[PDB]
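K.L.:
Below is a structure I'd like to ask you about.
Neighbour counts are summed over all protein chains in view; Cβ atoms, including those assigned to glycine, are modelled from backbone coordinates with ideal geometry. Computed from the coordinates by the stated procedures, all read-outs in this text should not be read as laboratory data.
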Amino acid sequence: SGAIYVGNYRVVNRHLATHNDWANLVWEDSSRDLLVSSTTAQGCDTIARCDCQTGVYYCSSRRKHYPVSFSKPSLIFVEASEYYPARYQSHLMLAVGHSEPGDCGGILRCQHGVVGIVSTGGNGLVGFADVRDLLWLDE
Ligand SMILES: Cc1cccc(NC(=O)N2CCC[C@H](C(N)=O)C2)c1
Ligand SMILES: [Zn+2]
């Protein structure tokens, strides 16, 4: 679990979004596994605007932060689940590192701020949904 709170927005994995999130929907994209909902309180997370390929992510299944080199956002095939059929998830970045399903929502950060959130994993790999291109989260 986990979310990004920036201004009046909450960013979560679309597969983990609650009834509240859907009832206060701003934007959702199944192909990215992202959903943004409106909030009443202020969010102070800073979103990174960059092309960094190194950062640190939070891994709840280990209660630890790990440094990673990750790939540029791209279309990567994702195996079927109780949330989605087999498909290409876009805006996805992979890194070598530990992850388990409950790790989704853990934040990936670089020196410039929040980069994305854990969305996929398996076989010694961890996949992050990029949020750096969503420039509207700041205005
Ligand atoms: C982080 C992690 C580790 C091991 C396994 C998983 N499950 C995973 O990748 N799935 C199921 C949940 C929805 C994901 C998706 N974005 O389509 C696909 C996650
Ligand atoms: Zn950066």
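K.L.:
In nanometres, what is the gap between the two model label sites at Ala41 and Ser60, each 7 Å from Cα along Cα-to-Cβ?
P.N.:
1.7 nm
K.L.:
Something else now. Calculate, in nm to one decimal, what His112 and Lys72 gain on full extension: separation in residues at 0.36 nm each, minus their alpha carbon distance.
P.N.:
This chain segment gains 12.8 nm when fully extended.
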